[PDB]
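A.B. asks: For reference, the structure I am asking about is given below.
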Amino acid sequence: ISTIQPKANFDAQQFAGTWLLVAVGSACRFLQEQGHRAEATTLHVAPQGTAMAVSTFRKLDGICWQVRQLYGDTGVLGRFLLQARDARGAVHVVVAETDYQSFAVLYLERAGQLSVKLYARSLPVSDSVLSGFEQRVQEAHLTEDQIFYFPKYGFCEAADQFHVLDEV
Amino acid sequence: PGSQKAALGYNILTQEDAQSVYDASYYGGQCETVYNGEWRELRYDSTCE
């Protein structure tokens with residue numbers, strides 16, 4: 001395990017805005033166990049100094065939900081920490097790779113438990129990008145059997161006042 | 001949580017709680033437990049989805 005290199009000169013202002021989650025690679029059981037109902041997710045992203053706010057949007061049983069989180073910077077460009085809010089333990093984050101207008105591959109890790117997630121500005125992703133993601137997975141020592149996709153449709157926006165987790 | 005108020009004495013003349021009458025914390029060595037029907041609290045795990 002190591003902190004891999006981020007996007008060179010990561011521009012939070014360009015990486016800002018709307019991302020759709022496309023696929024996740026992880027050894028996390030709950031993507032393979034109960035891997036059905038991988039409900040679609042999207043981020044709104046804003047810079048907030050060097051930290052970034054993120055609003056994940058999701059459905060849950062058809063109720064649209066918003067989770068707002070601060071990705072605190074590590075003091076290092078493109079490197080962030082999520083807090084141990086519920087004693088979950090802090091999650092290290094690296095913006096490994098992005099075309100700010102097109103695609104991103106984000107590295108996230110806690111307690112050596114590692115995930116990589118591929119987001120896009122777009123419904124399609126270039127198959128070359130997807131292939132890069134596959135090799136990113138292999139380099140992370142994750143199997144193809146630990147890659148999981150998310151549906152093309154049914155993204156949500158603007159969850160209700162009562163359906164915002166607002167963990168911060 | 002909030003069991004201590006039931007332990008307090010009550011002043012009918014003022015409708016104010018007094019000092020504790022019951023021991024709010026003595027268990028008599030029993031482990032007798034109550035199911036909290038509202039235990040469900042959402043969590044999110046960004047390391048998964």
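Letters for chains follow the order of the structure tokens (A, B, ...), residue numbers begin at 1 for each chain, and ligand numbers begin at 1 in the order shown.
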Check which residues of chain A sit at most 7 Å from chain B using only C-alpha atoms, and return one row each with the closest pair of atoms and their distance in Å to one decimal, ordered by chain and rising number, as a Markdown table.
C.D. replies:
```
| residue | atom | partner | partner_atom | distance |
| --- | --- | --- | --- | --- |
| A:28 | CA | B:48 | CA | 6.1 |
| A:108 | CA | B:47 | CA | 6.3 |
| A:109 | CA | B:47 | CA | 6.5 |
| A:115 | CA | B:47 | CA | 5.9 |
```
A.B. asks: Could the residues in this selection be written to a file with N, CA, C and O atoms, as a compact mmCIF listing (two decimals), in the first residue's frame?
C.D. replies:
```txt
# COMPACT_ATOMS: atom_id res chain seq x y z
N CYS A 28 -14.14 -4.71 -0.96
CA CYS A 28 -15.26 -4.55 -0.05
C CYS A 28 -16.36 -5.55 -0.35
O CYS A 28 -16.91 -5.59 -1.46
N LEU A 108 -9.12 5.78 -2.89
CA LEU A 108 -9.58 5.94 -1.52
C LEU A 108 -9.11 4.72 -0.74
O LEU A 108 -9.12 3.61 -1.27
N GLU A 109 -8.66 4.91 0.50
CA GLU A 109 -8.16 3.77 1.27
C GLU A 109 -8.39 4.05 2.75
O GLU A 109 -8.18 5.17 3.22
N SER A 115 -10.07 1.13 -2.26
CA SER A 115 -11.02 1.24 -3.35
C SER A 115 -10.52 2.26 -4.36
O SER A 115 -9.80 3.20 -4.03
```
A.B. asks: From the set A:119, A:162, A:149, A:107, which residue has the shortest atom-to-atom contact distance to residue 64 of chain A, counting only C-alpha atoms?
C.D. replies: A:162
A.B. asks: Please identify all polymer residues within 12 Å of residue 9 of chain A, counting only C-alpha atoms, omitting same-chain residues fewer than 4 positions from it, and present them as a PyMOL selection string.
C.D. replies: chain A and resi 5+13-15+76-79+95-100
A.B. asks: Take the selection from the previous step and output its residues with N, CA and C atoms, as an mmCIF file, in the first residue's frame.
C.D. replies:
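Output contents, as saved in part_30.cif:
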```
data_model
loop_
_atom_site.group_PDB
_atom_site.id
_atom_site.type_symbol
_atom_site.label_atom_id
_atom_site.label_comp_id
_atom_site.auth_asym_id
_atom_site.auth_seq_id
_atom_site.Cartn_x
_atom_site.Cartn_y
_atom_site.Cartn_z
ATOM 1 N N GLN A 5 0.541 8.614 -7.091
ATOM 2 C CA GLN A 5 0.648 9.993 -7.567
ATOM 3 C C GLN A 5 -0.704 10.530 -8.032
ATOM 4 N N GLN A 13 -10.816 23.745 -9.006
ATOM 5 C CA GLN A 13 -11.843 24.527 -9.694
ATOM 6 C C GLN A 13 -12.299 23.879 -11.000
ATOM 7 N N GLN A 14 -11.382 23.258 -11.744
ATOM 8 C CA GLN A 14 -11.775 22.492 -12.926
ATOM 9 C C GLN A 14 -12.375 21.133 -12.580
ATOM 10 N N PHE A 15 -11.856 20.462 -11.553
ATOM 11 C CA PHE A 15 -12.444 19.199 -11.122
ATOM 12 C C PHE A 15 -13.811 19.405 -10.474
ATOM 13 N N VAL A 76 -1.622 18.614 1.195
ATOM 14 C CA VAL A 76 -0.942 18.281 -0.050
ATOM 15 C C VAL A 76 -1.958 18.315 -1.182
ATOM 16 N N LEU A 77 -1.549 18.898 -2.306
ATOM 17 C CA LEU A 77 -2.460 19.104 -3.421
ATOM 18 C C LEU A 77 -2.938 17.765 -3.959
ATOM 19 N N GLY A 78 -4.255 17.629 -4.080
ATOM 20 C CA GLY A 78 -4.844 16.408 -4.574
ATOM 21 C C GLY A 78 -4.893 15.278 -3.572
ATOM 22 N N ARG A 79 -4.566 15.533 -2.304
ATOM 23 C CA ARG A 79 -4.601 14.501 -1.272
ATOM 24 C C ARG A 79 -5.468 14.963 -0.114
ATOM 25 N N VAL A 95 -6.694 12.063 -5.772
ATOM 26 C CA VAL A 95 -7.151 12.223 -7.149
ATOM 27 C C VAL A 95 -6.079 11.684 -8.086
ATOM 28 N N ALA A 96 -6.064 10.362 -8.245
ATOM 29 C CA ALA A 96 -5.017 9.708 -9.021
ATOM 30 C C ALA A 96 -4.977 10.214 -10.454
ATOM 31 N N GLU A 97 -6.135 10.306 -11.108
ATOM 32 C CA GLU A 97 -6.131 10.607 -12.531
ATOM 33 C C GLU A 97 -7.419 11.305 -12.930
ATOM 34 N N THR A 98 -7.314 12.352 -13.743
ATOM 35 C CA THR A 98 -8.534 12.979 -14.226
ATOM 36 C C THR A 98 -8.248 13.767 -15.494
ATOM 37 N N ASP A 99 -9.212 13.729 -16.404
ATOM 38 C CA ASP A 99 -9.504 14.803 -17.342
ATOM 39 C C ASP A 99 -10.713 15.557 -16.798
ATOM 40 N N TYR A 100 -10.477 16.752 -16.251
ATOM 41 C CA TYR A 100 -11.501 17.427 -15.456
ATOM 42 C C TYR A 100 -12.824 17.512 -16.202
#
```
A.B. asks: Could you tell me which of A:131, A:41, A:50, A:34 comes closest to residue 11 of chain A if we count only C-alpha atoms?
C.D. replies: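 Among A:131, A:41, A:50, A:34, it is A:50 that comes nearest to residue 11 of chain A.
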A.B. asks: Check chain A with DSSP on the backbone and list each residue it calls helix (DSSP H, G or I), as a VMD selection string.
C.D. replies: chain A and resid 12 to 15 29 to 32 127 to 139 144 to 146 161 to 163
A.B. asks: Can you spit out the residues from that selection as an mmCIF file, in the first residue's frame, using N, CA, C and O atoms?
C.D. replies:
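This is the output file result-v7.cif:
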```
data_model
loop_
_atom_site.group_PDB
_atom_site.id
_atom_site.type_symbol
_atom_site.label_atom_id
_atom_site.label_comp_id
_atom_site.auth_asym_id
_atom_site.auth_seq_id
_atom_site.Cartn_x
_atom_site.Cartn_y
_atom_site.Cartn_z
ATOM 1 N N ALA A 12 -8.674 22.014 -8.435
ATOM 2 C CA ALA A 12 -9.972 21.785 -7.804
ATOM 3 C C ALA A 12 -11.098 22.540 -8.507
ATOM 4 O O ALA A 12 -12.225 22.039 -8.604
ATOM 5 N N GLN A 13 -10.816 23.745 -9.006
ATOM 6 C CA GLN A 13 -11.843 24.527 -9.694
ATOM 7 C C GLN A 13 -12.299 23.879 -11.000
ATOM 8 O O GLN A 13 -13.486 23.939 -11.341
ATOM 9 N N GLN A 14 -11.382 23.258 -11.744
ATOM 10 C CA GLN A 14 -11.775 22.492 -12.926
ATOM 11 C C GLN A 14 -12.375 21.133 -12.580
ATOM 12 O O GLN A 14 -13.314 20.684 -13.246
ATOM 13 N N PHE A 15 -11.856 20.462 -11.553
ATOM 14 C CA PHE A 15 -12.444 19.199 -11.122
ATOM 15 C C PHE A 15 -13.811 19.405 -10.474
ATOM 16 O O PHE A 15 -14.595 18.455 -10.383
ATOM 17 N N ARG A 29 -16.675 -6.366 0.660
ATOM 18 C CA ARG A 29 -17.645 -7.449 0.529
ATOM 19 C C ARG A 29 -18.951 -6.972 -0.093
ATOM 20 O O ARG A 29 -19.498 -7.614 -0.997
ATOM 21 N N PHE A 30 -19.468 -5.842 0.387
ATOM 22 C CA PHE A 30 -20.827 -5.401 0.091
ATOM 23 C C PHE A 30 -21.019 -4.921 -1.341
ATOM 24 O O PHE A 30 -22.128 -4.489 -1.673
ATOM 25 N N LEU A 31 -19.996 -4.976 -2.189
ATOM 26 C CA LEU A 31 -20.205 -4.826 -3.624
ATOM 27 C C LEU A 31 -20.410 -6.167 -4.310
ATOM 28 O O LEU A 31 -21.069 -6.230 -5.355
ATOM 29 N N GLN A 32 -19.858 -7.237 -3.741
ATOM 30 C CA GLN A 32 -19.996 -8.591 -4.263
ATOM 31 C C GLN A 32 -21.080 -9.367 -3.525
ATOM 32 O O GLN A 32 -21.970 -9.944 -4.154
ATOM 33 N N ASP A 127 -13.436 3.554 -23.872
ATOM 34 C CA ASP A 127 -12.982 2.222 -23.489
ATOM 35 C C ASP A 127 -11.504 2.214 -23.134
ATOM 36 O O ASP A 127 -11.063 1.364 -22.359
ATOM 37 N N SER A 128 -10.716 3.116 -23.719
ATOM 38 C CA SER A 128 -9.331 3.271 -23.286
ATOM 39 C C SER A 128 -9.236 3.704 -21.826
ATOM 40 O O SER A 128 -8.395 3.202 -21.074
ATOM 41 N N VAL A 129 -10.104 4.625 -21.404
ATOM 42 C CA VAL A 129 -10.171 5.022 -19.997
ATOM 43 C C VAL A 129 -10.580 3.854 -19.106
ATOM 44 O O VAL A 129 -9.981 3.610 -18.053
ATOM 45 N N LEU A 130 -11.638 3.146 -19.491
ATOM 46 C CA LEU A 130 -12.056 1.954 -18.761
ATOM 47 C C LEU A 130 -10.934 0.923 -18.647
ATOM 48 O O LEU A 130 -10.717 0.341 -17.583
ATOM 49 N N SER A 131 -10.220 0.669 -19.749
ATOM 50 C CA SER A 131 -9.037 -0.190 -19.736
ATOM 51 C C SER A 131 -7.955 0.306 -18.780
ATOM 52 O O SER A 131 -7.365 -0.486 -18.029
ATOM 53 N N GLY A 132 -7.673 1.604 -18.796
ATOM 54 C CA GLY A 132 -6.769 2.159 -17.805
ATOM 55 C C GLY A 132 -7.226 1.850 -16.395
ATOM 56 O O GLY A 132 -6.423 1.493 -15.536
ATOM 57 N N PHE A 133 -8.513 2.044 -16.128
ATOM 58 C CA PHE A 133 -9.099 1.664 -14.846
ATOM 59 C C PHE A 133 -8.852 0.194 -14.500
ATOM 60 O O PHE A 133 -8.487 -0.131 -13.367
ATOM 61 N N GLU A 134 -9.105 -0.715 -15.445
ATOM 62 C CA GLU A 134 -8.767 -2.127 -15.232
ATOM 63 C C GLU A 134 -7.320 -2.320 -14.793
ATOM 64 O O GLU A 134 -7.042 -3.051 -13.834
ATOM 65 N N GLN A 135 -6.376 -1.685 -15.486
ATOM 66 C CA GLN A 135 -4.985 -1.831 -15.057
ATOM 67 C C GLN A 135 -4.732 -1.179 -13.700
ATOM 68 O O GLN A 135 -3.944 -1.695 -12.908
ATOM 69 N N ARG A 136 -5.336 -0.023 -13.433
ATOM 70 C CA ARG A 136 -5.301 0.554 -12.091
ATOM 71 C C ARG A 136 -5.723 -0.457 -11.025
ATOM 72 O O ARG A 136 -5.073 -0.598 -9.982
ATOM 73 N N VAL A 137 -6.822 -1.167 -11.285
ATOM 74 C CA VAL A 137 -7.287 -2.249 -10.413
ATOM 75 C C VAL A 137 -6.225 -3.329 -10.231
ATOM 76 O O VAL A 137 -5.875 -3.691 -9.103
ATOM 77 N N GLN A 138 -5.704 -3.866 -11.333
ATOM 78 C CA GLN A 138 -4.660 -4.887 -11.229
ATOM 79 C C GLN A 138 -3.457 -4.391 -10.428
ATOM 80 O O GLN A 138 -2.965 -5.084 -9.531
ATOM 81 N N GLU A 139 -2.982 -3.186 -10.733
ATOM 82 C CA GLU A 139 -1.889 -2.576 -9.982
ATOM 83 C C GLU A 139 -2.225 -2.453 -8.500
ATOM 84 O O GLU A 139 -1.355 -2.643 -7.642
ATOM 85 N N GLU A 144 -10.279 -8.570 -11.346
ATOM 86 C CA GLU A 144 -11.434 -8.308 -12.201
ATOM 87 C C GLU A 144 -12.725 -8.752 -11.528
ATOM 88 O O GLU A 144 -13.766 -8.101 -11.671
ATOM 89 N N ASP A 145 -12.673 -9.838 -10.762
ATOM 90 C CA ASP A 145 -13.828 -10.262 -9.981
ATOM 91 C C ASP A 145 -14.166 -9.303 -8.845
ATOM 92 O O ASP A 145 -15.147 -9.550 -8.133
ATOM 93 N N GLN A 146 -13.393 -8.232 -8.643
ATOM 94 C CA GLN A 146 -13.730 -7.191 -7.680
ATOM 95 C C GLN A 146 -14.063 -5.854 -8.345
ATOM 96 O O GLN A 146 -14.069 -4.817 -7.676
ATOM 97 N N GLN A 161 -35.014 18.170 2.066
ATOM 98 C CA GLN A 161 -34.487 18.633 3.348
ATOM 99 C C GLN A 161 -34.386 17.527 4.389
ATOM 100 O O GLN A 161 -33.476 17.543 5.223
ATOM 101 N N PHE A 162 -35.303 16.567 4.363
ATOM 102 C CA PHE A 162 -35.301 15.469 5.319
ATOM 103 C C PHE A 162 -34.428 14.293 4.906
ATOM 104 O O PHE A 162 -34.248 13.371 5.708
ATOM 105 N N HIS A 163 -33.887 14.294 3.691
ATOM 106 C CA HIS A 163 -33.128 13.166 3.170
ATOM 107 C C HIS A 163 -31.695 13.584 2.869
ATOM 108 O O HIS A 163 -31.082 13.097 1.917
#
```
A.B. asks: Counting only C-alpha atoms, what is within 9 Å of residue 85 of chain A, bar same-chain residues fewer than 5 positions away, as a list in words?
C.D. replies: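 Contacts, with the query itself left out: residues 90, 167 and 168 of chain A.
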A.B. asks: Could you jot down the atom CA of residue 106 of chain A to atom CA of residue 159 of chain A separation for me, Å, one decimal place?
C.D. replies: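 Calculated distance between atom CA of residue 106 of chain A and atom CA of residue 159 of chain A is 24.2 Å.
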A.B. asks: As a ChimeraX atom specification, please: the residues near residue 67 of chain A (cut-off 7 Å, only C-alpha atoms, same-chain neighbours under 5 positions excluded).
C.D. replies: /A:55-57,164-167
A.B. asks: Contacts of residue 20 of chain A at 7 Å or less, counting only C-alpha atoms, minus same-chain residues fewer than 2 places along, as an NGL selection string?
C.D. replies: :A and (18 or 22 or 41-43 or 119-121)
A.B. asks: Tell me, in Å to one decimal, how far atom CA of residue 37 of chain A is from atom CA of residue 160 of chain A.
C.D. replies: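 Interatomic distance here is 21.4 Å.
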A.B. asks: Do a neighbour search on segment 5-7 of chain B at 8 Å with only C-alpha atoms, toss out local chain neighbours closer than 5 positions, and write the hits as a short mmCIF file (atom, residue, chain, number, x, y, z; two decimals) with N, CA, C and O atoms, in the first residue's frame.
C.D. replies:
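Saved file out.cif follows:
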```cif
data_model
loop_
_atom_site.label_atom_id
_atom_site.label_comp_id
_atom_site.auth_asym_id
_atom_site.auth_seq_id
_atom_site.Cartn_x
_atom_site.Cartn_y
_atom_site.Cartn_z
N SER B 20 -33.11 13.28 43.72
CA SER B 20 -33.44 11.91 43.35
C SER B 20 -34.05 11.15 44.52
O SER B 20 -33.57 11.23 45.66
N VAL B 21 -35.11 10.40 44.24
CA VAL B 21 -35.71 9.48 45.20
C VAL B 21 -35.23 8.06 44.91
O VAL B 21 -34.66 7.40 45.77
N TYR B 22 -35.46 7.60 43.68
CA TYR B 22 -34.93 6.32 43.24
C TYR B 22 -33.46 6.44 42.89
O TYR B 22 -32.99 7.50 42.45
N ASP B 23 -32.72 5.36 43.07
CA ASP B 23 -31.41 5.24 42.45
C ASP B 23 -31.59 5.04 40.95
O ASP B 23 -32.19 4.06 40.52
N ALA B 24 -31.06 5.98 40.16
CA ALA B 24 -31.17 5.90 38.71
C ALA B 24 -30.20 4.91 38.08
O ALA B 24 -30.38 4.57 36.90
#
```
A.B. asks: Please identify the strand (DSSP E) residues within segment 5-165 of chain A (assignment by DSSP from backbone atoms) and present them as a short mmCIF file (atom, residue, chain, number, x, y, z; two decimals) with N, CA and C atoms, in the first residue's frame.
C.D. replies:
```
data_model
loop_
_atom_site.label_atom_id
_atom_site.label_comp_id
_atom_site.auth_asym_id
_atom_site.auth_seq_id
_atom_site.Cartn_x
_atom_site.Cartn_y
_atom_site.Cartn_z
N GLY A 17 -17.78 20.67 -9.91
CA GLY A 17 -19.01 20.41 -10.63
C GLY A 17 -19.55 18.99 -10.56
N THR A 18 -20.24 18.55 -11.61
CA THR A 18 -21.00 17.30 -11.56
C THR A 18 -20.19 16.12 -12.10
N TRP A 19 -20.11 15.06 -11.29
CA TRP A 19 -19.54 13.78 -11.70
C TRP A 19 -20.59 12.69 -11.51
N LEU A 20 -20.61 11.71 -12.40
CA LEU A 20 -21.42 10.51 -12.27
C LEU A 20 -20.49 9.36 -11.91
N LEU A 21 -20.83 8.58 -10.88
CA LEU A 21 -20.13 7.32 -10.67
C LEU A 21 -20.47 6.30 -11.74
N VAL A 22 -19.45 5.61 -12.23
CA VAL A 22 -19.58 4.64 -13.31
C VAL A 22 -19.31 3.23 -12.81
N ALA A 23 -18.17 3.03 -12.14
CA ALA A 23 -17.75 1.71 -11.69
C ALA A 23 -16.90 1.88 -10.44
N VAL A 24 -16.85 0.81 -9.64
CA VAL A 24 -16.01 0.73 -8.46
C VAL A 24 -15.25 -0.59 -8.50
N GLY A 25 -13.95 -0.53 -8.23
CA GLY A 25 -13.18 -1.72 -7.90
C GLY A 25 -12.79 -1.77 -6.44
N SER A 26 -13.18 -2.85 -5.75
CA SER A 26 -12.86 -2.97 -4.34
C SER A 26 -13.02 -4.41 -3.89
N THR A 41 -25.19 6.73 -8.50
CA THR A 41 -24.75 7.82 -7.64
C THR A 41 -24.06 8.93 -8.44
N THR A 42 -24.17 10.16 -7.93
CA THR A 42 -23.52 11.30 -8.56
C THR A 42 -23.00 12.26 -7.49
N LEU A 43 -21.92 12.96 -7.81
CA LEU A 43 -21.37 14.02 -6.96
C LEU A 43 -21.59 15.40 -7.56
N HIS A 44 -22.02 16.34 -6.73
CA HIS A 44 -21.70 17.74 -6.92
C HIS A 44 -20.46 18.06 -6.09
N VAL A 45 -19.49 18.74 -6.69
CA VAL A 45 -18.22 19.01 -6.03
C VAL A 45 -17.95 20.51 -6.05
N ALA A 46 -17.54 21.06 -4.90
CA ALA A 46 -17.16 22.46 -4.82
C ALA A 46 -15.87 22.58 -4.04
N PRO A 47 -14.94 23.44 -4.47
CA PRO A 47 -13.84 23.84 -3.57
C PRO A 47 -14.33 24.69 -2.41
N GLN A 48 -13.68 24.50 -1.24
CA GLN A 48 -14.00 25.21 -0.01
C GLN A 48 -12.67 25.51 0.69
N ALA A 51 -9.67 22.31 1.04
CA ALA A 51 -10.67 21.27 1.17
C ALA A 51 -11.73 21.38 0.07
N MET A 52 -12.48 20.30 -0.12
CA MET A 52 -13.60 20.31 -1.05
C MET A 52 -14.86 19.80 -0.36
N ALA A 53 -15.97 20.50 -0.57
CA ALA A 53 -17.27 19.91 -0.30
C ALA A 53 -17.68 18.97 -1.43
N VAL A 54 -18.38 17.90 -1.05
CA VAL A 54 -18.96 16.94 -1.98
C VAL A 54 -20.38 16.65 -1.52
N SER A 55 -21.32 16.68 -2.45
CA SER A 55 -22.66 16.15 -2.25
C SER A 55 -22.83 14.90 -3.10
N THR A 56 -22.74 13.73 -2.47
CA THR A 56 -23.20 12.50 -3.09
C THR A 56 -24.72 12.49 -3.12
N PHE A 57 -25.29 12.17 -4.28
CA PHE A 57 -26.70 11.88 -4.42
C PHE A 57 -26.88 10.43 -4.83
N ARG A 58 -27.99 9.86 -4.36
CA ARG A 58 -28.27 8.43 -4.43
C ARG A 58 -29.78 8.27 -4.36
N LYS A 59 -30.27 7.11 -4.76
CA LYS A 59 -31.55 6.63 -4.26
C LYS A 59 -31.35 5.57 -3.19
N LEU A 60 -32.36 5.43 -2.35
CA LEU A 60 -32.43 4.38 -1.33
C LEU A 60 -33.89 3.96 -1.27
N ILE A 63 -36.34 6.56 -2.29
CA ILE A 63 -36.17 7.85 -1.64
C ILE A 63 -34.80 8.42 -2.02
N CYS A 64 -34.80 9.57 -2.67
CA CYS A 64 -33.56 10.25 -3.02
C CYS A 64 -32.86 10.80 -1.79
N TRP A 65 -31.56 10.52 -1.66
CA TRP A 65 -30.79 10.97 -0.51
C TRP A 65 -29.54 11.71 -0.96
N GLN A 66 -29.17 12.71 -0.17
CA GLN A 66 -27.94 13.49 -0.30
C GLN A 66 -27.04 13.32 0.92
N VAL A 67 -25.78 12.96 0.70
CA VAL A 67 -24.77 12.96 1.75
C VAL A 67 -23.74 14.04 1.42
N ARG A 68 -23.62 15.03 2.30
CA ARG A 68 -22.62 16.09 2.19
C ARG A 68 -21.41 15.82 3.09
N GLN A 69 -20.22 15.84 2.49
CA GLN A 69 -18.97 15.54 3.16
C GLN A 69 -17.93 16.60 2.79
N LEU A 70 -17.10 16.99 3.75
CA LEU A 70 -15.86 17.69 3.46
C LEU A 70 -14.70 16.72 3.30
N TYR A 71 -14.14 16.69 2.09
CA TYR A 71 -12.83 16.12 1.81
C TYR A 71 -11.78 17.12 2.27
N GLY A 72 -11.35 16.97 3.52
CA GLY A 72 -10.27 17.80 4.04
C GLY A 72 -8.98 17.48 3.31
N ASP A 73 -8.25 18.52 2.91
CA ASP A 73 -6.94 18.31 2.33
C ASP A 73 -5.96 17.76 3.37
N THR A 74 -4.97 17.02 2.88
CA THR A 74 -3.88 16.53 3.70
C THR A 74 -2.80 17.58 3.94
N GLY A 75 -3.03 18.82 3.54
CA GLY A 75 -1.92 19.74 3.34
C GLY A 75 -1.16 19.52 2.05
N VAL A 76 -1.62 18.61 1.19
CA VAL A 76 -0.94 18.28 -0.05
C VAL A 76 -1.96 18.31 -1.18
N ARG A 79 -4.57 15.53 -2.30
CA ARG A 79 -4.60 14.50 -1.27
C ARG A 79 -5.47 14.96 -0.11
N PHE A 80 -6.42 14.11 0.27
CA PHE A 80 -7.48 14.50 1.19
C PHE A 80 -7.69 13.41 2.23
N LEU A 81 -8.35 13.80 3.32
CA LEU A 81 -8.79 12.88 4.36
C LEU A 81 -10.26 13.13 4.63
N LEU A 82 -11.01 12.04 4.78
CA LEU A 82 -12.33 12.08 5.38
C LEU A 82 -12.23 11.68 6.85
N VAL A 91 -10.49 8.21 6.09
CA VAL A 91 -10.30 7.64 4.76
C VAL A 91 -9.36 8.55 3.98
N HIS A 92 -8.22 8.00 3.56
CA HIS A 92 -7.31 8.72 2.68
C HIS A 92 -7.85 8.73 1.26
N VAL A 93 -7.64 9.86 0.57
CA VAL A 93 -8.15 10.08 -0.77
C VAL A 93 -7.03 10.66 -1.62
N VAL A 94 -6.91 10.18 -2.86
CA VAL A 94 -6.00 10.74 -3.85
C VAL A 94 -6.75 10.87 -5.17
N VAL A 95 -6.69 12.06 -5.77
CA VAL A 95 -7.15 12.22 -7.15
C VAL A 95 -6.08 11.68 -8.09
N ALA A 96 -6.06 10.36 -8.24
CA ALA A 96 -5.02 9.71 -9.02
C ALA A 96 -4.98 10.21 -10.45
N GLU A 97 -6.13 10.31 -11.11
CA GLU A 97 -6.13 10.61 -12.53
C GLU A 97 -7.42 11.31 -12.93
N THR A 98 -7.31 12.35 -13.74
CA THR A 98 -8.53 12.98 -14.23
C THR A 98 -8.25 13.77 -15.49
N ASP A 99 -9.21 13.73 -16.40
CA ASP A 99 -9.50 14.80 -17.34
C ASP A 99 -10.71 15.56 -16.80
N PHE A 103 -13.26 12.53 -17.33
CA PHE A 103 -13.21 11.33 -16.51
C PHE A 103 -12.33 11.56 -15.29
N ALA A 104 -12.58 10.79 -14.23
CA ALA A 104 -11.68 10.73 -13.08
C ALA A 104 -11.57 9.32 -12.52
N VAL A 105 -10.37 8.96 -12.08
CA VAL A 105 -10.09 7.77 -11.29
C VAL A 105 -9.60 8.27 -9.93
N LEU A 106 -10.38 8.00 -8.88
CA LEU A 106 -10.05 8.40 -7.52
C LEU A 106 -9.63 7.18 -6.71
N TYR A 107 -8.50 7.31 -6.01
CA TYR A 107 -8.05 6.36 -4.99
C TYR A 107 -8.54 6.75 -3.59
N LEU A 108 -9.12 5.78 -2.89
CA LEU A 108 -9.58 5.94 -1.52
C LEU A 108 -9.11 4.72 -0.74
N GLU A 109 -8.66 4.91 0.50
CA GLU A 109 -8.16 3.77 1.27
C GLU A 109 -8.39 4.05 2.75
N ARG A 110 -8.82 3.01 3.48
CA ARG A 110 -8.85 3.00 4.93
C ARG A 110 -8.36 1.67 5.50
N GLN A 113 -7.66 -1.26 3.50
CA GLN A 113 -8.83 -1.59 2.70
C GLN A 113 -8.99 -0.54 1.61
N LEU A 114 -8.83 -0.93 0.35
CA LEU A 114 -8.56 0.00 -0.73
C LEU A 114 -9.71 -0.04 -1.74
N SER A 115 -10.07 1.13 -2.26
CA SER A 115 -11.02 1.24 -3.35
C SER A 115 -10.52 2.26 -4.36
N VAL A 116 -10.89 2.03 -5.61
CA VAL A 116 -10.72 2.97 -6.72
C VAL A 116 -12.07 3.15 -7.39
N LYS A 117 -12.44 4.40 -7.70
CA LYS A 117 -13.73 4.65 -8.33
C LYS A 117 -13.55 5.53 -9.56
N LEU A 118 -14.21 5.12 -10.65
CA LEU A 118 -14.20 5.81 -11.94
C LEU A 118 -15.45 6.66 -12.11
N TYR A 119 -15.28 7.97 -12.16
CA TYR A 119 -16.37 8.90 -12.42
C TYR A 119 -16.21 9.49 -13.81
N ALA A 120 -17.32 10.00 -14.34
CA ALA A 120 -17.33 10.64 -15.64
C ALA A 120 -18.21 11.88 -15.59
N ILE A 147 -14.33 -5.86 -9.65
CA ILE A 147 -14.82 -4.70 -10.39
C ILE A 147 -16.32 -4.82 -10.57
N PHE A 148 -17.04 -3.73 -10.28
CA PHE A 148 -18.50 -3.70 -10.32
C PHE A 148 -18.92 -2.41 -11.00
N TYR A 149 -19.98 -2.48 -11.80
CA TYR A 149 -20.47 -1.32 -12.55
C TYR A 149 -21.75 -0.78 -11.92
#
```
